[PDB]
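Only one chain is given next, in structure tokens, and it is the form deposited in one PDB entry.
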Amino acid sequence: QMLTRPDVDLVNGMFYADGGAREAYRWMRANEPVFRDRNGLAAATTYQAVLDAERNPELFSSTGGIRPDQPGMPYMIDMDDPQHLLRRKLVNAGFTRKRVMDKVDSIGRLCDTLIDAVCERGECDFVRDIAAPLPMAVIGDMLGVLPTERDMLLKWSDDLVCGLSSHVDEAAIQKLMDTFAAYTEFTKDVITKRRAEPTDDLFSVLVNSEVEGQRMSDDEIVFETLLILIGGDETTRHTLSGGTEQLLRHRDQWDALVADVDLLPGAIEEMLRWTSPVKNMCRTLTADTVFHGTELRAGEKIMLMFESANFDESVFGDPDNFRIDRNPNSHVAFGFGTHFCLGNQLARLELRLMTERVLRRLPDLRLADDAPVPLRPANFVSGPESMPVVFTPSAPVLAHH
């Protein structure tokens, strides 16, 4: 609908929250596929441009850091191969198909307890009460920590992210260092405990992981854990809430899923495409190149706009329709290539198990009202801030009795 070129700052969180992004993306894909925003920041907005960049890390490097407004960090997403590959193989010990599928019972049980807390009410905030608690509880359990310790880790990772985005004065630098120290010392205390007396938790697995004769240091484990805390929490939340929102807005598709649970995996893929919780990841050019009509220079960052790519008309045909039967559905919500989301199968499992139970226990779930759901103004990961819903009450399972 945009008749004029978007005049936007792609580092401004409100761009991703005010609802104007998809029509801005439409203009970019049609007119200026590798777009430069009002500060000259380049962005790959078509599916082909995103995929080309992903397939060519030699040219589009991750070592400059994957944010535009934070320094590079010592975890795997800010590495190139071969370093990245080694680190990923080490951490992958925690995410084998065996270990993910072993979480089916615990995640299912977790989902039942969350729904138990709301089922008698006839209403809840789908974000606050269902979508937000689940991913963090799953990560907490995976790490083998107590709920109280989970919550400390959550607060620390929140403060670290905040600090990393702005530590200009002398004091924010120290608060940032204090927070890093607090988080590092807590996590290393846990690591030290598992080094002596191992469990089956993710800390123990990372401690024991060995690849090409190398093992992870305590600090490496601390930072890969931090990446998992950040990367696996709000992302999963936003696909759950935003994906469910679209199911609630398309009653025929909601009904189809209620009638046939085997349709759920296809539905989850469309929930992923539509929500695209990770709005962008940055790459740094290692050479000058002319890329989809734009002159890029060595050393500049470019944003890979995953939501923009996921609504590419040349690829999806009818991307502006939400359809649980979309097939094929080669969305890039999880990225593509060597950095393809390590947690993708765990995320898909959380999404499937929760939505299964929501369909079964809240079968007449509806939005309280059809107004658009408010979105988080963040330039990295974003989705619904709240989502009031209503449903016929039902009795809690209380499975531990």
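C-alpha atoms forming the largest set that superposes within 1.5 Å between two forms make up the rigid core. Don't overthink the numbering: it's just position in the shown sequence, from 1.
One more form of this protein should be noted, the form deposited in another entry, which is absent from this view; the next part is about it.
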- Message: At a threshold of 2 angstroms on the CA positions, core aligned, which residue out of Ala298, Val258, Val104, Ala172 shifts between this form and the one not shown?
- Response: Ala172
- Item | Large Cα move at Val211 between this form and the one not shown, threshold 2 Å, rigid core | yes
- Message: Would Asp151 count as moving between this form and the one not shown, using a Cα shift of 2 angstroms or more after superposing the core as the test?
- Response: yes
- Query: Once you line up the core, how about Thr187: does its CA shift reach 2 Å between this form and the one not shown?
  - Reply: yes
- Item | Sense of the change in Cα distance from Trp274 to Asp158 in the other entry - at least 3 Å versus the shown form | closer
- Item | Pair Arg215/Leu342, Cα separation in the other entry versus the displayed form, closer or farther by 3 angstroms or more | farther
